[PDB]
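> I would like to see how this sequence folds:
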Amino acid sequence: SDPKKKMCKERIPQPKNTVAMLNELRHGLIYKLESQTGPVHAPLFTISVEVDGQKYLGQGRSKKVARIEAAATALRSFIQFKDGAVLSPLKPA
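Numbers count the residues shown, from 1 in each chain. And now the structure:
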């Protein structure tokens, strides 16, 4: 099927997003949709952000979500507090 979200003029105003955090940390970050799949009720978007040579992957139900997910991984790669969270999807098919 492939539900191709063509509308990118819709903002879905949700600041405090990790992608903004990444822009405060390191430049050269490219958020690119490497793969798009999933159902129509909740498709799976796979955004890859390449930062400092490390490609961080984020998989969400929209480009926006996936972009956030990608940046989240990147953030903890730079600064890492006493999080110790095992919340990290390792290739979830």
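
> in stretch 56-64, what's buried?
Neighbour counts using 16 or more other CB atoms under 10 Å place 56-60, 62-64 of stretch 56-64 among the buried residues. In short, each C-beta sits where N, CA and C put it, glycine included.

> nope, stretch 12-27 is what I meant
Using 16+ other CB under 10 Å as the test for burial, stretch 12-27 gives 18-19, 21-22.

> just those now: which is nearest residue 86?
Checking the buried residues of stretch 12-27 against residue 86 by CB to CB gives residue 18 as the nearest, at 18.2 Å.

> skipping its backbone neighbours, what lies nearest that closest one in space?
In this structure, residue 18 finds its nearest non-sequential neighbour in residue 71, 3.8 Å apart by CB to CB, 6 or more residues apart in numbering.

> which other residues reach the host helix or strand of the one you found?
Using DSSP states H and E, the element containing residue 71 is helix 63-78. Outside helix 63-78, the residues that touch it by CB atoms under 8 Å, 6 or more residues apart in numbering are 5, 8, 12, 14, 17-19, 21-22, 25-26, 29, 31, 33, 45-49, 51, 54, 56-60, 83, 88.
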